[PDB]
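Have a look at the structure below before the remarks.
Each reported figure results from applying straightforward, stated rules to the coordinates on display, with no laboratory input. Here the Cβ is made from the backbone with ideal geometry for all residues, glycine too, and neighbour counts use every protein chain on show.
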Amino acid sequence: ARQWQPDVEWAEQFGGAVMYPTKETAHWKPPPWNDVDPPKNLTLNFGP
Amino acid sequence: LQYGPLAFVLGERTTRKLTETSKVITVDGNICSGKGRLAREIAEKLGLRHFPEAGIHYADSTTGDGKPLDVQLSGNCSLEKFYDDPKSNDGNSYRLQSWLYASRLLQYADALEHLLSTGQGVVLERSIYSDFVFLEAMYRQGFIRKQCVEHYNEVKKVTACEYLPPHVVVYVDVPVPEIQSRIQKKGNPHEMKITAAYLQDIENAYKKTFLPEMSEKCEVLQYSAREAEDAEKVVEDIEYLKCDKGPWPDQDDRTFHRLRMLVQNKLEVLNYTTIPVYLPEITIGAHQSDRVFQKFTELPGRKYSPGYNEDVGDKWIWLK
Amino acid sequence: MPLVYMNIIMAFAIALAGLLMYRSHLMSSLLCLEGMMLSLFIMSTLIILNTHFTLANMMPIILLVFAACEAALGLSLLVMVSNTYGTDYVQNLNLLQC
Amino acid sequence: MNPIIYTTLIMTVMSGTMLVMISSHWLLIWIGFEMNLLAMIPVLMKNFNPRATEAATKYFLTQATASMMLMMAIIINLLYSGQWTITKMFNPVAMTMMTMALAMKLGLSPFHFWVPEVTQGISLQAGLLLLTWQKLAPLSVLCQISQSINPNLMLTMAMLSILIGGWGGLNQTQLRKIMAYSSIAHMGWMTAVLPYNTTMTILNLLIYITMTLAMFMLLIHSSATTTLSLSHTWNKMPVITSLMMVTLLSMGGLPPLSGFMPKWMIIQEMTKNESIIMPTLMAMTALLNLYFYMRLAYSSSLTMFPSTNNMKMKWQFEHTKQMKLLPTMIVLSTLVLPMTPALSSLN
Amino acid sequence: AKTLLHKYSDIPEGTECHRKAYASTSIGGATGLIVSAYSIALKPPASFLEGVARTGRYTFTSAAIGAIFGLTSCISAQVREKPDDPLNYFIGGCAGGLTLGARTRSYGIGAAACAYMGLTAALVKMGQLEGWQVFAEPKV
Amino acid sequence: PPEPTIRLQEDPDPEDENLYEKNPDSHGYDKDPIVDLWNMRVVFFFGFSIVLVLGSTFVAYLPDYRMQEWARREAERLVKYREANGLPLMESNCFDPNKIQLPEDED
Amino acid sequence: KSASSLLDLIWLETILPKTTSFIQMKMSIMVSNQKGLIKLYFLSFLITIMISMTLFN
Amino acid sequence: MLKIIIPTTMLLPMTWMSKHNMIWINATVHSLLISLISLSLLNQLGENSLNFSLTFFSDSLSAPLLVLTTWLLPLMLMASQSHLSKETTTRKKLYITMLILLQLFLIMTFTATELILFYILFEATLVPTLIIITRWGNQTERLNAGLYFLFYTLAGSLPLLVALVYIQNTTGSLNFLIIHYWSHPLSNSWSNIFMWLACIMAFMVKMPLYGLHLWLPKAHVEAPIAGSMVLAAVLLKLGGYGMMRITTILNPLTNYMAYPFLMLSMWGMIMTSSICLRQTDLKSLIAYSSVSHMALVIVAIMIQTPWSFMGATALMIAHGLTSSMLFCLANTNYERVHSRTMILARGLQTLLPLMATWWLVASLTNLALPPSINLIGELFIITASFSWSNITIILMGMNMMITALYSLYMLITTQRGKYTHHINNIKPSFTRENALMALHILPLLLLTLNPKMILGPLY
Ligand SMILES: CCCCCCCCCCCCCCCCC[C@@H](O)O[C@H](CO[C@H](O)CCCCCCCCCCCCCCC)COP(=O)(O)OCC[N+](C)(C)C
Ligand SMILES: CCCCCCCCCCCCCCCCC[C@@H](O)O[C@H](CO[C@H](O)CCCCCCCCCCCCCCC)COP(=O)(O)OCC[N+](C)(C)C
Ligand SMILES: CCCCCCCC/C=C\CCCCCCCC(=O)O[C@H](COC(=O)CCCCCCC/C=C/CCCCCCCC)COP(=O)(O)OCCN
Ligand SMILES: Nc1ncnc2c1ncn2[C@@H]1O[C@H](COP(=O)(O)OP(=O)(O)O)[C@@H](O)[C@H]1O
């Protein structure tokens, strides 16, 4: 009745870090939405 | 001459417009607390500009005409349905929260643009900061899932990592039973169903996380219901304190130029509010998206650019 | 071509190979670049002085100056990289992958 | 950064490229390269983040090494002939070192590794500048000394560049990596005709620059850096997606689009010199580039992907900043095939 | 360099089976060593001993592949009494592919190798006969 | 499992719309009866009336540019000439051998 | 069995399109799978420079 | 020749400027008028050709193809007007634009006095078809089909271009007239063998050959009705036209090199005819029938005799019309049923008698019933093959038998028997569908009166 259009599952294929994931590359994480990564004062004791 | 790199190059510097009175201030309180009246009094007394709390159709008031559009064409959510069945099967709660946070982000961008362009201060209700507490309550009451709060955290980080926190945060503290009494006295049938657990959760999420986290970069003025009645003392406290612990003293002319270029062009302000992470509460099908976009296009003054709509009454189209 | 020029080219090639080895210490990459520059300066000076190319005496000093400027830039970059990680280790730069 | 500082740095980059182009002394060409590299870094690090700094330091390392080997090649050429003019390179050992230096400056294989990394690290405008303007000087130097290059090494590097770009573009979901691999493949096509006809090289450079400008500007307009983010573009500006699909078909070499003009002519030229196998291999390899362009087009405009609720608000706003040369770039990159004989103007 | 090319090409096709096999084995060993070096540079698997074992395996396979191809092509050319025929090169190349598949222990890989390097050897023989140039000099 | 079992907010699949229910004499062209009727009329007039008839008559009466009758008359007169002159109808050689210069073998 | 499934649907599909797809996928995976360590790329560049100096002269 | 090209170009501005509810009427009327204009090209000569200018020329091989291409557009619009009812005006105008662009490219391709221009237009026809298949398609596999329909073609066509330019470096001209007048024999060499292959496989892939026919069932099934019509009727004939144009320079090497393709076609016709017998899809069955007919056309072209060429031209025209009609009938069934399966809806003759008559006529004309032009082409090719070798008659007769079998199987499965009980949405056939069937079928029975109009230049 209606023309097929991509669903969520069809879209999830294009959301990986790389195309055609493998065992070695399965652990790769896609870069953050903005290209900013988490970043993850000295003391002195002048004695006698 | 629309503001840009050339305007900054020639004459336009926003540091000379600061007259120690801008002092962006947000006013925060529980549901049906007297935060709005206090904020309005502060704005009137200090000569600043008041911003009414962002609603479902706040964005509709700033584009085209001020008349709000249809619910399905703008927001696709309602607070009344959230109050009636907060555990709705269609995920209306998180859709409501995400739309509200995006509207708050747009309002914050507008306020920052006004402050940077005119120098006049701005007073706000709940901002992007304090927008999380409701989410937390909606998480703890079982209204939304953990994926919802994860997506909210991602969007909130990726958006709020680019703005300046408010100079002073004003908090009004009111016991939960008094708030319930005010809810009963209001008369709106939808708000009578708010359970004491939900209000308690919001009030607890306020004190537990908000206050300590912004006491390290902003100046906090906690007030009770009785002492918030008089705006004289609040304005006196505002004028007496001096801000030197926030990021604002570290800003200069180039940082202000970057922030002013950021606050304008709202399309990039809202760019990360639609990141391609598919949560069933917010994702929309292709057919529905096409139909709703087509309906939005058929609106009177939305087919073309604002100055190129013949049905609205714009003339000299062929020569603009 | 005398043996001195061959030995200078050999030193330049050894410095390039050490740059391409990349054991650690991006500072060592900068040092290999500077050694390559030193070999180039020595060879150019020897060649120009041998042939009595009077005007070409402008050539070495210019090169030197430019290279030093380059070095400065690199140093700055390295600092910023270290300013993120706390060390100038090469393997810390693995965020971008082909 | 300060807009005046940015303008000064951009003018410094352009002046370095022009100094490389108009000077007849090897030292001045090297100085122009040094000036361009010196002024390029802050442009790459306009947006401060660790990714941009890492991309800039990788670019600095690669370009410094390339300049250093360029200077060594100049020194060896001077040693074996007391000549400073840019002409036939005389020595063959200094002509092989002059080729690898220019190859790393261009990004040809096997020195292609830095291009995807640097393009992904930097933003879209920096990527546009890096992939468009940074190719004029090395290609000009190569064209001047084209008759001195050994055809074996240059053709091997060009074929390797085409293969590497075609294969590496298949595995990418990021748009910047796709553009970098496309640039590698187009450079491989560009340098495969240098030993035979530099006019074809310059024509391919012009067509590639126009197509890349149109593509990068379209990506900037629809501010998406991934396939899924680009998939949401149809819900706001479908005409942008349609123009993007037409442009992508153009870069795939499909006739009667503009991108078919260079390849064709190059093949034609290489059939004049009794070379048959290499053009056939190049076309069969460019089929891969067309494949991943078609996959991007599938995800972009030919299908409607699911959207998000908040997108409705984006429907109420218009782009404050608009790019004047985008329509001209699209038209030039799509509909100039009937104007092919104009290449006799020695573009 | 091209020393191996000259050594392999100078020998007549219809004589000196052992010399042709030796030249082909040397070429295969060099190619396998180059592939091993590239693999080691791009991917250091675990250690020095594992790396040298990998290089030895690749070099033996390629030298082995080359040895099988040379012996088969030369023998086919001599027994068929029809030199300069690409069919002999096809047979030799596909026998080498069969040996490669046997080393890899895969029927599909063996058949694919047989087909795809028999065709390659036939194409090289045709190019040698008709003088096709892979890297054409600038004529015009 | 608090998931709504709904992957995404989607419109329901619409049912097919019948052109006959809202408008008999529907002609299957358009949902607007006047535009429908005019579409049918122009289709019938320019397909069956103009092209199918006038084009068929035009092709049927095309002039003899293929030179069929001309070739027949030429053959008639040529055979009439050769039979009267006693010539052996069509010759075996399409060209006169006198003007063909063979290469002498001398082998 | 033979005309429809064995040849048309399986072997004719296996020979031209599927083999090409598999080979291209494998080569793309091999080429693109670089961890981003400049040490390996620099060693490969050194090997390539040595090969060019020892092979193209 | 511009008297045909310029109106086709003006069809675009007219469509865009047309009212939101008057696009179909204007497009159909002006397309029919353009077909009437293009009808004038049928007046050919027994001499060389109709050389209009340096860029375009006409021939009695190009004229019937041009007439069919101009005639197909109104039928395509009439067929597409149904399923695009719920579609926005801009995208309907885009669909009509794609159809007009395809027609313009085909019209310029069929004249193509020069071979490089012919290649450029012959590959330019690819883009609109790919867009139509991958955009206005129903199933999720359409994208895959598009990919196939693309790459197969290019896999054959990219070498051809190289060969083409190589010829221009040796001969000095790729003009068809100079190429014909200055043709020289090909020495039996490996280089000439590979040049022959490069020149031949580009057109063999699009016919398609039996080995390279995989893309066709996918492309035909997943494409919309207009896409299926244009693929089956005209786009398959580009390979045959190119082969007949390019085989002049391939002699005498054609005699040796024709054997593998002749064997492949002679066995693949049987293979595809047998495949048609066991098929659960109407569109797939029609596609395989098209493959069989084009394999026969390939055999005819490879035989390289005057009767072969005449039968080939007649068969291409007849097959185009017949396949377009069959696809239209299948789409009319699908629009009511929405399943596209033969065994699902049955006994339609009881409910739709006139459509059953149309089905019967389509099946009869696909069955090669004399004196239809289908039978004329089939018989000419069969006689030429018998002259080529007396043993081909066995395979040809087997192909005729299986063709009749699967044609009547298709007719009986869908029209005869008992109707499906649970199906109740089978409405009476509209005037548009019946007019489409009549406009498809009448030209065939009119052309059988004047066969020489479609017999080509060797008549
Ligand atoms: C419903 C039941 C029937 C009722 C009606 C009863 C009447 C029956 C009569 C109908 C058929 C009976 C046969 C009678 C045939 C007589 C007419 C015939 O002789 O004319 C033919 C003429 O027919 C045409 O030649 C064929 C038709 C043209 C085909 C073009 C199709 C129309 C264009 C549409 C687009 C094309 C799409 C397909 C692309 C190719 C052949 O003429 P020809 O002997 O030679 O010479 C003509 C006279 N000359 C000598 C002066 C030249
Ligand atoms: C897969 C679906 C169908 C796709 C299309 C298939 C059709 C393409 C096949 C092309 C036809 C055959 C190619 C060459 C035919 C030449 C005739 C040859 O077979 O006969 C002998 C040729 O001898 C041997 O055949 C030598 C060639 C052996 C190497 C070919 C590999 C054999 C099987 C490989 C098939 C794979 C084809 C597809 C690759 C992708 C005659 O010996 P000779 O008189 O001395 O040579 C005469 C030619 N000269 C004068 C130029 C020298
Ligand atoms: C649907 C997929 C079909 C794929 C079609 C592929 C078949 C076409 C043949 C392969 C490509 C060859 C293109 C050659 C273009 C013609 C030019 C030419 O023939 O000139 C020859 C050049 O001939 C060649 O070089 C051809 C070499 C082939 C190299 C590429 C091999 C590709 C694969 C070959 C194996 C497949 C063979 C059959 C394929 C059939 C398709 C299934 C003369 O060379 P010169 O040096 O000028 O002569 C001087 C001395 N007299
Ligand atoms: N982040 C939020 N999530 C859900 N509802 C919200 C959120 N923020 C504000 N609201 C709703 O907005 C309504 C008005 O806010 P409130 O301050 O309590 O009333 P008033 O404007 O009269 O002072 C309240 O019913 C509150 O529930």
Positions within segment H:229-268 being within 15 Å of residue H:160 (Cβ to Cβ) and either within 16 Å of ligand 4 (Cβ to nearest atom) or not in a helix (DSSP H, G or I) (or both), in sequence order: H:247, H:249, H:250
Qualifying positions in segment H:414-436 - assigned to a helix (DSSP H, G or I) and either within 16 Å of ligand 4 (Cβ to nearest atom) or within 12 Å of chain F (Cβ to nearest Cβ) (or both): H:431, H:432, H:433, H:434, H:435, H:436
Number of positions in segment A:28-48 that are closer than 25 Å to residue B:155 by Cβ and more than 14 Å from chain B (Cβ to nearest Cβ): 2
Cβ-Cβ under 9 Å pairs, at least 6 apart or on other chains, segment D:44-57 side under 16 Å from residue B:161 (Cβ atoms) and more than 9 Å from chain C (Cβ to nearest Cβ), far side assigned to a loop (DSSP other than H, G, I, E, B) and among the acidic types (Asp, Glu): D:47/A:35; D:49/A:35; D:49/A:37; D:52/A:35
Condition met for residue E:130 (away from ligand 2 (no atom under 13 Å from the Cβ), farther than 22 Å from residue E:16 by Cβ, acidic (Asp, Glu) and within 14 Å of chain D (Cβ to nearest Cβ)): no
Subset of segment E:86-127 (residues that are near ligand 2 (Cβ under 10 Å from one of its atoms), aromatic (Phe, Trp, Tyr) and more than 14 Å from chain H (Cβ to nearest Cβ)): E:116
In segment H:205-224, residue farthest from ligand 4 (Cβ to nearest atom) [restricted to those that are surrounded by fewer than 24 Cβ atoms within 10 Å (Cβ to Cβ) and away from chain G (no Cβ under 12 Å)]: H:221
Residue that is farthest from ligand 2 (Cβ to nearest atom), among those in segment H:438-456 that are in contact with a helix residue (DSSP H, G or I) (Cβ under 7 Å, 6 or more places away or on another chain) and farther than 19 Å from residue H:36 by Cα: H:448
In segment G:37-57, the residues that are outside any helix (DSSP H, G or I) and at the interface with chain C (Cβ under 9 Å from one of its Cβ atoms): G:37
Subset of segment D:115-133 that is touching a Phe, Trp or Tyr at 6+ places or on another chain (Cβ under 7 Å) and surrounded by 24 or more Cβ atoms within 10 Å (Cβ to Cβ) - its residue that is nearest to residue D:323 (Cα to Cα): D:127
From E:59, E:55, residue being farther than 27 Å from residue D:278 by Cβ and within 14 Å of another protein chain (Cβ to nearest Cβ): E:55
Meets criteria (over 25 Å from residue D:338 (Cα atoms) and not polar (S, T, N, Q)) for residue D:278: yes
From D:93, D:118, residue being more than 30 Å from residue G:23 (Cβ to Cβ) and among the hydrophobic types (A, V, I, L, M, F, W, C): D:93
Hits in segment D:64-107 - residues which are more than 9 Å from chain C (Cβ to nearest Cβ) and within 19 Å of residue C:22 (Cα to Cα): D:66, D:104
Residue that is surrounded by the fewest Cβ atoms within 10 Å (Cβ to Cβ), among those in segment H:154-204 that are closer than 26 Å to residue G:9 by Cβ, within 10 Å of chain D (Cβ to nearest Cβ) and not polar (S, T, N, Q): H:155
